[PDB]
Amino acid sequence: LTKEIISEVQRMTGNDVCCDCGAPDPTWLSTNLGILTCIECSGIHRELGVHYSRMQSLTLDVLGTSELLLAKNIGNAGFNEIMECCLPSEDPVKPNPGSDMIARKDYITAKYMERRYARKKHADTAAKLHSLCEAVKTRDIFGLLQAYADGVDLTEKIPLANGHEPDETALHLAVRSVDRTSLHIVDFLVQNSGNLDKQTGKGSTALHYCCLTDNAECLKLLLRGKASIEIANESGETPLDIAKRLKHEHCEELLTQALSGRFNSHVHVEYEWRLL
């Protein structure tokens, strides 16, 4: 299963060269970005910290299918189309397979931390948030990626007109609007948001939302991201309380596992991998 998704990921057009230096056959995956790098560039990404890039060997390490949602939907070509859109013209800034560590470090820092080569699309804040909102509603992963390239705050409230509760973020919206074909939209937000605990005007966190609709797959992504299970909504309920009350067994079992400090390592989720 995971092996079949990995071979698919490796065969994606553009995934045959390291995202950052061109080295052939990259095998290191940045799970929150859906891209593949050579081992050398991989070493620099590790230094950036999990708030920027979470590395794992695609062919050597054991992975939960949930960690391949982004790899399956993004890929080097698509990612670089946005992140290297403004790479210098007559100034060969991008490292090549023979480049030293100092050179990869300077480029990788500028590319990912500074976003020096990304296409800055939107005319700031207001626009950025609106595009993020639309990207989620249309389930467009590259639209989410662009918002992230523009440096949008993924945890900020979005200009949503008919939200379920006031002050929803893109994560609240994503959780209640994605399905088996679009879990990766929720995943992108979970792996690139520093705070998965934002609350609606009624104190609801994305976890609460998951329990209200018995969305166990989104719930699994959130727990993997260590969203806090003890935050209560304005009525005093925690997500576990909601799950019990509505009798949503799967959600109850998952939250109870987490509550007892025994939650899953390699998190698998039901998704339309389309590997037939």
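Just count from 1 along the sequence shown to find any residue number.
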query: Mean Cα B-factor comparison, 74 to 82 or 112 to 120, giving the higher one as deposited; finding: 112 to 120
query: Mean Cα B-factor comparison, 52 to 60 or 34 to 42, giving the higher one as deposited; finding: 52 to 60
query: Highest recorded Cα temperature factor - choice among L196, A174, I158, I141; finding: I158
query: Selection by C-alpha B-factor (highest) of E134, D153, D187, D91; finding: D91
query: Chain third (lowest, middle, highest) by recorded CA B-factor, residue given as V9; finding: middle
query: Chain third (lowest, middle, highest) by recorded CA B-factor, residue given as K247; finding: middle
query: Chain third (lowest, middle, highest) by recorded CA B-factor, residue given as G98; finding: lowest
query: Third of the chain's Cα B-factor distribution that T200 belongs to, per the entry; finding: middle
query: Third of the chain's Cα B-factor distribution that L254 belongs to, per the entry; finding: middle
